[PDB]
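Engineer: Can you read through this structure? Questions will come right after.
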Amino acid sequence: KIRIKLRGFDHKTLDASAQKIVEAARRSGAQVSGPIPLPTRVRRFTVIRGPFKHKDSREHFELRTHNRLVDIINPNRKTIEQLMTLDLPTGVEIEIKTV
Amino acid sequence: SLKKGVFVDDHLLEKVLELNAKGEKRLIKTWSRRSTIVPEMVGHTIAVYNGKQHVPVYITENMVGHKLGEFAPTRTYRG
Amino acid sequence: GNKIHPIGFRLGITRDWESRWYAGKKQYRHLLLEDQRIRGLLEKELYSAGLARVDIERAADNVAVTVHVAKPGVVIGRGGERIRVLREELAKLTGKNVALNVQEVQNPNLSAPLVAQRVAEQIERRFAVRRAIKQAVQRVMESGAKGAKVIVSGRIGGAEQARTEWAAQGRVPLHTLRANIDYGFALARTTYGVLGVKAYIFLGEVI
Amino acid sequence: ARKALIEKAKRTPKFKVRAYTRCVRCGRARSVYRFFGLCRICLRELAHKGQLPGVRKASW
Amino acid sequence: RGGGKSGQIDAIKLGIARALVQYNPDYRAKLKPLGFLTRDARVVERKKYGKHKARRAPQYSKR
RNA sequence: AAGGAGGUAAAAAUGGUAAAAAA
RNA sequence: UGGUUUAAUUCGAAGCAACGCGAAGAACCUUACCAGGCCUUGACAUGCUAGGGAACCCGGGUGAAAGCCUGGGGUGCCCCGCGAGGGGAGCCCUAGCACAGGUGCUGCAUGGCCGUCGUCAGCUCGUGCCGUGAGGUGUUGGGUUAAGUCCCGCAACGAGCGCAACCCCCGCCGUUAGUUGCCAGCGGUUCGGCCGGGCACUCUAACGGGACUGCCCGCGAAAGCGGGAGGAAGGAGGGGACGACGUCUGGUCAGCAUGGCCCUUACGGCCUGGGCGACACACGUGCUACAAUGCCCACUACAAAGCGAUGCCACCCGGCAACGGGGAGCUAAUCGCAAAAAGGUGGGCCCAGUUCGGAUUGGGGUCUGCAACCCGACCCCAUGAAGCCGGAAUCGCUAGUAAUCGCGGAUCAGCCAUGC
């Protein structure tokens with residue numbers, strides 16, 4: 001019944017936040033449907049290499065937003081307690097809901 | 001284009017409707033040219049700006065509800 | 001011609017972002033705005049002891065700054081009466097919860113920003129360009145580095161022709177990655193012009 | 001003019017249609033990628049100098 | 001799913017190949033010399049900044 | 001032929017750019 | 001874009017390396033250009049002298065607008081007060097001052113940043129040897145490669161930045177994982193993944209393995225080449241970022257900083273207008289075309305990627321439409337942009353300045369926006385030019401490349417986007 005989405009720019013750590021949760025949650029309760037990866041939406045940007053009227057000569061840059069999704073079963077007090085308390089995203093965005 | 005209505009401005013309005021309180025002097029001195037020509041201006045010496053100076057244009061009928069600053073050349077020099 | 005920031009290419013596993021915080025699509029702007037302002041007024045003040053990196057974190061009031069200084073000593077002040085005013089103003093123009101953290105790097109002659117800092121500042125104090133700067137590359141490879149290069153471009157001594165005097169010692173494999181390079185450019189200002197000081201320093205493989 | 005121009009829009013005048021974006025890390029309106037509130041040269045100087053999250057020296 | 005009518009066709013071929021080369025890999029012996037497993041290539045390549053169809057370039061002046 | 005070489009061959013429609021001066 | 005011209009048609013860039021280039025959204029804004037109105041301790045910050053106002057909420061005249069002369073309110077706080085008062089601070093006003101400011105010149109004073117030769121294969125270090133020495137050597141010699149790539153020679157042996165490799169996209173497999181997908185396997189059904197169920201398959205997006213001439217045979221002294229297979233993958237698998245030492249006083253002071261020279265109630269600042277879109281020609285990149293492998297109307301098809309909260313906007317409705325009124329869901333793999341188009345499947349045109357091509361043309365409509373004249377996109381219906389496939393010349397492109405066809409995003413009120 002739990003809808004936890006994790007939006008991330010560093011896919012390395014962002015995934016590390018995806019399985020971690022699942023351990024202690026599969027631990028402090030019952031099943032926790034696997035972290036399931038979700039379409040890393042990417043915002044395409046680009047511009048030219050310099051300042052002066054140089055139509056060619058360009059560099060592309062884009063935003064890598066990886067989506068994560070954890071579903072847990074019927075929650076428990078330990079689970080909810082620690083796994084709403086402890087964290088260290090240091091940036092990464094954590095948004096949950098009751099669907 | 002105003003789809004429902006016709007764009008004009010109130011400078012001209014207040015002006016025309018006050019000389020109409022009598023029918024006085026044969027001059028007006030407007031700075032707006034974006035405005036739509038109206039028939040209640042009668043149509044004497046609507047002195048409009050151009051880009052360099054005010055240049056009086058005559059107005060009667062066939063300029064009905066089409067824009068003012070169109071009978072003020074601006075684009076000087078010809079070919 | 002270019003060279004491109006090794007940095008702006010090392011963002012794989014060789015250069016982790018200076019600012020680490022996720023953002024909303026709308027939000028992005030104002031966030032980075034205040035951010036760059038932080039670094040900004042920080043720059044003018046907390047230069048005094050070599051301001052290299054400026055680690056940034058933001059979660060939601062989590063305004064954690066890990067100011068990589070050079071030597072936080074005569075900069076934290078006695079009892080922290082200087083860390084005080086800075087965190088103060090930090091709060092003054094940040095509508096959230098501020099942090100200081102003076103994480104200077106153990107060793108001086110590493111991380112090229114402060115290298116080039118002292119470098120350009122020697123010319124800022126008029127000093128011998130080639131002599132003391134060759135002494136700088138020297139000092140780098142005298143610290144235990146693997147490759148030091150200092151390009152210095154601009155109006156040396158005036159004389160119209162703005163040369164690009166260059167020195168080096170040790171390998172500088174700029175097309176590589178694992179090797180890892182640190183880049184730092186100081187913005188040298190002659191009383192009579194603006195010359196650009198720039199430095200690359202090499203470290204090693206495997207990492 | 002320049003200095004006065006940034007101030008012109010910095011204070012929103014009369015009509016909605018007289019605002020124009022502004023590179024607050026360089027100071028212009030041309031090609032200011034509004035998403036960042038940054039011009040294109042300001043954009044590249046930021047992303048390059050490592051002072052911009054979420055990006056990537058893209059290689060797709 | 002995907003590609004085009006013909007692309008569909010391609011993937012269909014690919015699979016009809018792979019399926020009989022499972023429940024009887026005896027059919028594999030006489031199907032690679034026939035070339036019924038080499039997948040594909042083809043991509044309307046990443047458009048080159050400066051050129052059109054990543055190859056197609058603008059008319060050169062010189063003058 | 002691999003080379004160096006001693007004698008006899010082929011090979012250029014056009015032009016003026018100054019200069020005190022930097023490392 | 002030259003030229004041309006005007007009051008102004010604002011500058012920049014110039015053989016390749018400028019010409020759909022700064023410009024990735026110039027109606028006024030923008031805006032640096034002009035005519036005019038006007039402010040000027042200045043739209044911006046910085047501090048002092050002596051004075052007054054508390055900040056600050058509203059309004060009237062005037063005018064094109066900025067600007068300008070006044071009117072209603074107004075009296076938060078420190079010290080000393082059941083009393084009178086002043087001084088002090090954010091706080092605005094005026095003189096004076098120190099000043100700001102100037103997209104004015106100077107890229108031949110500069111940084112930085114791109115160009116470009118050019119992914120061209122080039123620039124050198126170390127000990128030794130040759131040369132009085134500058135220095136040469138290594139790097140000149142042959143086969144070979146995309147390659148100073150490798151082999152052979154060899155007075156050298158090697159070593160670093162370059163090439164490559166470590167990085168990403170794309171092709172084969174795997175393990176984690178299952179609100180995308182599905183009877184693939186079961187139940188039912190409003191038979192439409194629609195209702196339960198399930199992770200098999202797509203997919204998603206992560207962590208690796210997989211290809212090295214490794215195997216087989218013939219040639220070459222080897223470097224390599226021929227032939228064949230194992231395999232999704234052959235001999236660098238396709239692509240991308242990647243661009244040295246250096247030149248060129250390239251380009252840029254109008255993105256930025258910037259040494260200097262420079263105007264300082266004017267080269268500063270606001271406003272409203274006008275130009276940046278002008279026209280006797282010329283030029284580069286471009287869209288469309290001039291037609292039956294075609295134009296037209298009807299039915300069905302398969303896209304991939306990128307978007308969307310004060311935005312995406314399916315739906316009925318009014319309108320032939322432009323779009324407007326009521327209206328669902330949507331911080332998105334679940335909602336909508338959105339119909340891909342060519343393909344295919346029917347019927348029309350019958351070779352014609354044609355149902356070709358719409359260039360231009362008039363009487364009306366929709367939308368944004370204060371405002372659509374100069375100078376907006378879009379709708380209607382009536383107009384329907386040149387164009388019969390282009391001489392000298394000259395451009396693109398070696399594989400899913402060219403040619404053809406549709407689709408999105410950037411910035412943007414709108415849109416001149418046939419551009420990128």
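The way I read the labels, and the way they are meant: chains A, B, ... in the order of the structure tokens, residue 1 as the first residue of every chain, and ligand 1 as the first ligand shown, with later ones counted on from there.
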Identify, on the basis of only C-alpha atoms (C1' of nucleotides), every residue whose closest approach to residue G:247 does not exceed 12 Å; exclude the query and any residue fewer than 4 positions from it along the same chain; express the result as a PDB file with N, CA, C and O atoms (P, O5', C5', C4', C3', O3' and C1' of nucleotides), in the first residue's frame.

Structural biologist:
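Now in result-v5.pdb:
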ATOM      1  N   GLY C   1      44.181  24.954 -29.009  1.00  0.00           N
ATOM      2  CA  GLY C   1      43.051  25.858 -29.137  1.00  0.00           C
ATOM      3  C   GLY C   1      42.220  25.955 -27.872  1.00  0.00           C
ATOM      4  O   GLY C   1      42.357  26.897 -27.092  1.00  0.00           O
TER       5      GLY C   1
ATOM      6  P     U G 116      36.414  25.495 -37.253  1.00  0.00           P
ATOM      7  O5'   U G 116      37.620  25.382 -38.290  1.00  0.00           O
ATOM      8  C5'   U G 116      37.896  26.453 -39.184  1.00  0.00           C
ATOM      9  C4'   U G 116      39.363  26.827 -39.223  1.00  0.00           C
ATOM     10  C3'   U G 116      40.354  25.689 -39.344  1.00  0.00           C
ATOM     11  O3'   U G 116      40.425  25.209 -40.671  1.00  0.00           O
ATOM     12  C1'   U G 116      41.166  27.355 -37.836  1.00  0.00           C
ATOM     13  P     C G 117      40.051  23.685 -41.008  1.00  0.00           P
ATOM     14  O5'   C G 117      41.470  23.005 -41.281  1.00  0.00           O
ATOM     15  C5'   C G 117      42.270  23.400 -42.388  1.00  0.00           C
ATOM     16  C4'   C G 117      43.679  23.776 -41.985  1.00  0.00           C
ATOM     17  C3'   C G 117      44.601  22.646 -41.568  1.00  0.00           C
ATOM     18  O3'   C G 117      45.092  21.903 -42.667  1.00  0.00           O
ATOM     19  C1'   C G 117      44.871  24.478 -40.095  1.00  0.00           C
TER      20        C G 117
END

Engineer: Would you list which chain A residues are within 8 Å of chain C using only C-alpha atoms, as a PyMOL selection string?

Structural biologist: chain A and resi 8-9+89-93

Engineer: Those same residues - C-alpha atoms - I'd like them written as a PDB file, in the first residue's frame.

Structural biologist:
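Okay, this is what ended up in part_9.pdb:
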ATOM      1  CA  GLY A   8      17.707  11.313  -8.358  1.00  0.00           C
ATOM      2  CA  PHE A   9      20.546  12.904 -10.272  1.00  0.00           C
ATOM      3  CA  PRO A  89      19.933  11.864   0.735  1.00  0.00           C
ATOM      4  CA  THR A  90      22.193  14.941   0.913  1.00  0.00           C
ATOM      5  CA  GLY A  91      20.265  16.168  -2.115  1.00  0.00           C
ATOM      6  CA  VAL A  92      18.273  13.298  -3.642  1.00  0.00           C
ATOM      7  CA  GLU A  93      14.483  13.703  -3.456  1.00  0.00           C
TER       8      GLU A  93
END

Engineer: Would you list the contacts of stretch 50-65 of chain B as a count of residues only, taking every protein, DNA or RNA residue within 8 Å and counting only C-alpha atoms (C1' of nucleotides), but skipping same-chain residues closer than 4 positions in sequence?

Structural biologist: 22

Engineer: Define the interface residues of chain D facing chain C as those within 10 Å, counting only C-alpha atoms, and report them as a PyMOL selection string.

Structural biologist: chain D and resi 24-25+34-38+44-59

Engineer: Just C-alpha atoms for this one: save the residues we selected as a PDB file, in the first residue's frame.

Structural biologist:
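Output (part.pdb):
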ATOM      1  CA  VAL D  24      22.147  37.178 -13.537  1.00  0.00           C
ATOM      2  CA  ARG D  25      25.633  35.699 -13.905  1.00  0.00           C
ATOM      3  CA  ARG D  34      15.116  30.899 -18.769  1.00  0.00           C
ATOM      4  CA  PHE D  35      15.088  27.460 -17.122  1.00  0.00           C
ATOM      5  CA  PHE D  36      18.386  28.422 -15.485  1.00  0.00           C
ATOM      6  CA  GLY D  37      17.942  32.174 -15.557  1.00  0.00           C
ATOM      7  CA  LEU D  38      21.265  32.135 -17.391  1.00  0.00           C
ATOM      8  CA  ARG D  44      28.528  27.113 -20.318  1.00  0.00           C
ATOM      9  CA  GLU D  45      30.840  28.877 -17.834  1.00  0.00           C
ATOM     10  CA  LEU D  46      28.718  27.503 -14.975  1.00  0.00           C
ATOM     11  CA  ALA D  47      28.258  23.921 -16.211  1.00  0.00           C
ATOM     12  CA  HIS D  48      31.932  23.706 -17.251  1.00  0.00           C
ATOM     13  CA  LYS D  49      33.283  25.100 -13.982  1.00  0.00           C
ATOM     14  CA  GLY D  50      31.459  22.271 -12.185  1.00  0.00           C
ATOM     15  CA  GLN D  51      29.137  24.659 -10.401  1.00  0.00           C
ATOM     16  CA  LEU D  52      25.855  23.184 -11.770  1.00  0.00           C
ATOM     17  CA  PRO D  53      24.074  19.993 -10.549  1.00  0.00           C
ATOM     18  CA  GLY D  54      21.935  17.599 -12.583  1.00  0.00           C
ATOM     19  CA  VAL D  55      23.813  18.325 -15.817  1.00  0.00           C
ATOM     20  CA  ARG D  56      26.345  16.100 -17.627  1.00  0.00           C
ATOM     21  CA  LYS D  57      28.917  16.830 -20.299  1.00  0.00           C
ATOM     22  CA  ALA D  58      26.492  14.893 -22.454  1.00  0.00           C
ATOM     23  CA  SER D  59      27.786  12.244 -24.834  1.00  0.00           C
TER      24      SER D  59
END

Engineer: List every residue of chain D that DSSP, applied to the backbone of this structure, assigns to helix (DSSP H, G or I), and report them as number ranges by chain.

Structural biologist: D: 3-9, 16-18, 40-48

Engineer: If you keep N, CA and C atoms, can you produce a file of those selected residues as a short mmCIF file (atom, residue, chain, number, x, y, z; two decimals), in the first residue's frame?

Structural biologist:
data_model
loop_
_atom_site.label_atom_id
_atom_site.label_comp_id
_atom_site.auth_asym_id
_atom_site.auth_seq_id
_atom_site.Cartn_x
_atom_site.Cartn_y
_atom_site.Cartn_z
N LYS D 3 23.48 49.22 -17.60
CA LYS D 3 23.16 49.19 -16.18
C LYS D 3 21.70 49.48 -15.91
N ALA D 4 21.18 50.52 -16.56
CA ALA D 4 19.81 50.95 -16.33
C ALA D 4 18.82 49.95 -16.91
N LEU D 5 19.26 49.20 -17.91
CA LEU D 5 18.37 48.26 -18.59
C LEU D 5 17.97 47.08 -17.72
N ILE D 6 18.92 46.52 -16.98
CA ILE D 6 18.60 45.40 -16.10
C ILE D 6 17.59 45.85 -15.04
N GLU D 7 17.72 47.10 -14.62
CA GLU D 7 16.81 47.69 -13.65
C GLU D 7 15.44 47.95 -14.25
N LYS D 8 15.42 48.24 -15.54
CA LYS D 8 14.17 48.48 -16.25
C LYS D 8 13.19 47.32 -16.06
N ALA D 9 13.66 46.09 -16.26
CA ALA D 9 12.78 44.91 -16.16
C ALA D 9 12.74 44.33 -14.75
N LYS D 16 2.40 43.10 -19.15
CA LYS D 16 3.05 41.81 -18.94
C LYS D 16 4.05 41.53 -20.04
N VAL D 17 3.82 42.16 -21.18
CA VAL D 17 4.54 41.87 -22.39
C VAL D 17 5.76 42.75 -22.55
N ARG D 18 6.20 43.36 -21.45
CA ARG D 18 7.43 44.14 -21.49
C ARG D 18 8.49 43.59 -20.55
N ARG D 40 23.68 31.93 -22.49
CA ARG D 40 24.34 30.75 -23.04
C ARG D 40 25.83 30.65 -22.66
N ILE D 41 26.52 31.79 -22.63
CA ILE D 41 27.92 31.83 -22.22
C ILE D 41 28.04 31.70 -20.70
N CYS D 42 27.10 32.32 -19.99
CA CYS D 42 26.98 32.15 -18.55
C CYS D 42 26.65 30.68 -18.27
N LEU D 43 25.73 30.12 -19.06
CA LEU D 43 25.38 28.71 -18.94
C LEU D 43 26.64 27.87 -19.00
N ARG D 44 27.35 27.96 -20.12
CA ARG D 44 28.53 27.11 -20.32
C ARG D 44 29.64 27.36 -19.29
N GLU D 45 29.84 28.61 -18.88
CA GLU D 45 30.84 28.88 -17.83
C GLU D 45 30.45 28.17 -16.53
N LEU D 46 29.17 28.20 -16.18
CA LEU D 46 28.72 27.50 -14.98
C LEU D 46 28.87 25.98 -15.08
N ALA D 47 28.20 25.38 -16.06
CA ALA D 47 28.26 23.92 -16.21
C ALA D 47 29.69 23.39 -16.30
N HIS D 48 30.51 24.05 -17.11
CA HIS D 48 31.93 23.71 -17.25
C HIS D 48 32.67 23.80 -15.92
#

Engineer: Rounded to one decimal in Å, what is the spacing between atom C1' of residue G:243 and atom CA of residue C:164?

Structural biologist: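 Those two atoms sit 20.0 Å apart.
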
Engineer: Could you give me, as a PDB file with N, CA and C atoms (P, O5', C5', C4', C3', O3' and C1' of nucleotides), in the first residue's frame, the residues within 9 Å of residue E:5, counting only C-alpha atoms (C1' of nucleotides) and dropping anything in the same chain fewer than 4 positions from it?

Structural biologist:
ATOM      1  N   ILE E   9       8.180  -6.602 -39.652  1.00  0.00           N
ATOM      2  CA  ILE E   9       8.599  -7.724 -40.486  1.00  0.00           C
ATOM      3  C   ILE E   9       9.978  -8.286 -40.093  1.00  0.00           C
ATOM      4  N   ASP E  10      10.941  -7.384 -39.912  1.00  0.00           N
ATOM      5  CA  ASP E  10      12.315  -7.739 -39.560  1.00  0.00           C
ATOM      6  C   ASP E  10      12.365  -8.523 -38.263  1.00  0.00           C
TER       7      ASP E  10
ATOM      8  P     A G 301      -5.740   2.713 -37.635  1.00  0.00           P
ATOM      9  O5'   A G 301      -4.302   2.107 -37.954  1.00  0.00           O
ATOM     10  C5'   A G 301      -4.078   0.708 -37.876  1.00  0.00           C
ATOM     11  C4'   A G 301      -2.922   0.263 -38.740  1.00  0.00           C
ATOM     12  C3'   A G 301      -1.546   0.726 -38.309  1.00  0.00           C
ATOM     13  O3'   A G 301      -1.043  -0.002 -37.207  1.00  0.00           O
ATOM     14  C1'   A G 301      -1.762   0.980 -40.647  1.00  0.00           C
ATOM     15  P     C G 302      -0.870   0.717 -35.782  1.00  0.00           P
ATOM     16  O5'   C G 302       0.603   0.309 -35.350  1.00  0.00           O
ATOM     17  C5'   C G 302       1.245  -0.795 -35.969  1.00  0.00           C
ATOM     18  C4'   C G 302       2.671  -0.465 -36.322  1.00  0.00           C
ATOM     19  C3'   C G 302       3.319   0.605 -35.466  1.00  0.00           C
ATOM     20  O3'   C G 302       3.748   0.130 -34.203  1.00  0.00           O
ATOM     21  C1'   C G 302       3.770   1.051 -37.732  1.00  0.00           C
ATOM     22  P     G G 343       2.482   6.817 -50.449  1.00  0.00           P
ATOM     23  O5'   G G 343       2.827   5.636 -49.429  1.00  0.00           O
ATOM     24  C5'   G G 343       3.976   4.812 -49.602  1.00  0.00           C
ATOM     25  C4'   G G 343       3.879   3.519 -48.817  1.00  0.00           C
ATOM     26  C3'   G G 343       2.720   2.598 -49.172  1.00  0.00           C
ATOM     27  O3'   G G 343       2.964   1.812 -50.326  1.00  0.00           O
ATOM     28  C1'   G G 343       2.853   2.810 -46.822  1.00  0.00           C
TER      29        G G 343
END

Engineer: Using only C-alpha atoms (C1' of nucleotides) and a distance of at most 9 Å, pull out the residues of chain C that contact chain G, as number ranges by chain.

Structural biologist: C: 1-3, 9, 12, 153-155, 158-162, 170-179, 187-197

Engineer: Include N, CA, C and O atoms and write out the residues we just selected as a tab-separated table (two decimals), in the first residue's frame.

Structural biologist:
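Saved result, again09.tsv, follows:
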chain	number	residue	atom	x	y	z
C	1	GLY	N	44.18	24.95	-29.01
C	1	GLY	CA	43.05	25.86	-29.14
C	1	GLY	C	42.22	25.95	-27.87
C	1	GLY	O	42.36	26.90	-27.09
C	2	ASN	N	41.35	24.97	-27.67
C	2	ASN	CA	40.47	24.94	-26.51
C	2	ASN	C	41.12	24.34	-25.27
C	2	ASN	O	41.54	25.07	-24.36
C	3	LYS	N	41.20	23.00	-25.28
C	3	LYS	CA	41.62	22.12	-24.18
C	3	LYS	C	40.41	21.58	-23.45
C	3	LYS	O	40.39	20.41	-23.06
C	9	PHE	N	34.35	17.14	-18.08
C	9	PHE	CA	34.73	15.95	-18.83
C	9	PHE	C	35.13	14.90	-17.80
C	9	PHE	O	35.05	13.70	-18.06
C	12	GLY	N	32.62	12.14	-14.67
C	12	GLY	CA	32.23	10.75	-14.75
C	12	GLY	C	32.36	10.16	-13.37
C	12	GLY	O	31.38	10.03	-12.63
C	153	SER	N	49.30	33.45	-19.33
C	153	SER	CA	49.06	34.23	-20.54
C	153	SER	C	48.69	35.70	-20.25
C	153	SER	O	47.85	35.96	-19.38
C	154	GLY	N	49.30	36.63	-20.97
C	154	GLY	CA	48.98	38.05	-20.81
C	154	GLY	C	50.14	39.02	-20.95
C	154	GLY	O	51.24	38.65	-21.35
C	155	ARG	N	49.88	40.27	-20.60
C	155	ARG	CA	50.87	41.33	-20.69
C	155	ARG	C	51.93	41.26	-19.61
C	155	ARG	O	51.89	42.04	-18.66
C	158	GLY	N	54.22	44.59	-19.54
C	158	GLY	CA	53.64	45.49	-20.51
C	158	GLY	C	53.90	45.00	-21.92
C	158	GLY	O	53.23	44.09	-22.39
C	159	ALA	N	54.90	45.62	-22.56
C	159	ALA	CA	55.37	45.32	-23.92
C	159	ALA	C	54.39	44.58	-24.83
C	159	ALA	O	54.37	43.35	-24.83
C	160	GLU	N	53.62	45.36	-25.60
C	160	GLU	CA	52.50	44.89	-26.45
C	160	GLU	C	52.29	43.38	-26.52
C	160	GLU	O	51.27	42.87	-26.04
C	161	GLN	N	53.27	42.67	-27.08
C	161	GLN	CA	53.17	41.23	-27.30
C	161	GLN	C	52.90	40.43	-26.02
C	161	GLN	O	53.80	40.15	-25.23
C	162	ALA	N	51.63	40.09	-25.83
C	162	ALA	CA	51.17	39.28	-24.72
C	162	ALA	C	51.50	37.82	-24.97
C	162	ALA	O	50.69	37.07	-25.52
C	170	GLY	N	56.80	16.61	-15.36
C	170	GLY	CA	55.95	15.47	-15.05
C	170	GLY	C	54.81	15.29	-16.05
C	170	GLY	O	54.30	16.27	-16.61
C	171	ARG	N	54.38	14.05	-16.25
C	171	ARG	CA	53.37	13.73	-17.27
C	171	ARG	C	52.00	14.36	-17.03
C	171	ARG	O	51.51	14.40	-15.90
C	172	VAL	N	51.39	14.87	-18.09
C	172	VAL	CA	50.05	15.44	-17.99
C	172	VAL	C	49.12	14.86	-19.06
C	172	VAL	O	48.92	15.47	-20.10
C	173	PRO	N	48.56	13.67	-18.80
C	173	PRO	CA	47.74	12.91	-19.76
C	173	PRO	C	46.29	13.37	-19.83
C	173	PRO	O	45.40	12.68	-19.33
C	174	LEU	N	46.05	14.51	-20.48
C	174	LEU	CA	44.75	15.19	-20.41
C	174	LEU	C	43.60	14.42	-21.07
C	174	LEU	O	42.44	14.67	-20.77
C	175	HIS	N	43.93	13.50	-21.97
C	175	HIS	CA	42.92	12.72	-22.67
C	175	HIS	C	42.50	11.50	-21.88
C	175	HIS	O	41.55	10.81	-22.24
C	176	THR	N	43.23	11.23	-20.80
C	176	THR	CA	42.94	10.10	-19.93
C	176	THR	C	41.84	10.48	-18.91
C	176	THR	O	41.34	11.61	-18.93
C	177	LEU	N	41.47	9.54	-18.04
C	177	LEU	CA	40.42	9.77	-17.05
C	177	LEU	C	40.86	9.33	-15.66
C	177	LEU	O	41.04	10.16	-14.77
C	178	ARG	N	41.02	8.01	-15.49
C	178	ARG	CA	41.43	7.37	-14.23
C	178	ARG	C	42.61	8.09	-13.61
C	178	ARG	O	42.70	8.27	-12.40
C	179	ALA	N	43.53	8.47	-14.49
C	179	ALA	CA	44.71	9.23	-14.15
C	179	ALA	C	44.42	10.40	-13.20
C	179	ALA	O	45.18	10.65	-12.26
C	187	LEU	N	42.90	34.43	-11.67
C	187	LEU	CA	42.59	35.57	-12.51
C	187	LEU	C	43.56	36.72	-12.23
C	187	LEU	O	43.21	37.67	-11.52
C	188	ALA	N	44.76	36.64	-12.78
C	188	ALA	CA	45.80	37.60	-12.43
C	188	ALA	C	45.52	39.00	-12.97
C	188	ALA	O	45.15	39.19	-14.13
C	189	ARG	N	45.69	39.99	-12.10
C	189	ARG	CA	45.42	41.36	-12.45
C	189	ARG	C	46.67	42.22	-12.26
C	189	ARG	O	46.98	42.64	-11.15
C	190	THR	N	47.40	42.46	-13.35
C	190	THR	CA	48.47	43.44	-13.29
C	190	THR	C	47.83	44.79	-13.10
C	190	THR	O	46.75	45.05	-13.64
C	191	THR	N	48.51	45.67	-12.38
C	191	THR	CA	48.09	47.06	-12.24
C	191	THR	C	47.84	47.64	-13.62
C	191	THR	O	47.13	48.63	-13.79
C	192	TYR	N	48.44	47.00	-14.61
C	192	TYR	CA	48.32	47.36	-16.01
C	192	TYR	C	47.91	46.14	-16.84
C	192	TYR	O	48.65	45.70	-17.72
C	193	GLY	N	46.73	45.60	-16.54
C	193	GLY	CA	46.12	44.61	-17.41
C	193	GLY	C	45.54	43.42	-16.67
C	193	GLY	O	45.55	43.38	-15.43
C	194	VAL	N	45.04	42.45	-17.42
C	194	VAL	CA	44.60	41.19	-16.81
C	194	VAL	C	45.22	40.00	-17.52
C	194	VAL	O	44.87	39.68	-18.65
C	195	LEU	N	46.17	39.35	-16.85
C	195	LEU	CA	46.79	38.15	-17.39
C	195	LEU	C	46.16	36.92	-16.74
C	195	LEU	O	45.77	36.96	-15.57
C	196	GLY	N	46.05	35.84	-17.49
C	196	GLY	CA	45.40	34.63	-16.99
C	196	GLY	C	46.37	33.56	-16.53
C	196	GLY	O	47.13	33.00	-17.32
C	197	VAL	N	46.34	33.28	-15.24
C	197	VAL	CA	47.16	32.22	-14.70
C	197	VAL	C	46.34	30.93	-14.69
C	197	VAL	O	45.16	30.95	-14.37

Engineer: Select all residues from chain E having any atom no more than 10 Å from an atom of chain G (counting only C-alpha atoms (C1' of nucleotides), ignoring ligands), output as a ChimeraX atom specification.

Structural biologist: /E:1-8,32-33,37-46,48-50,53-63
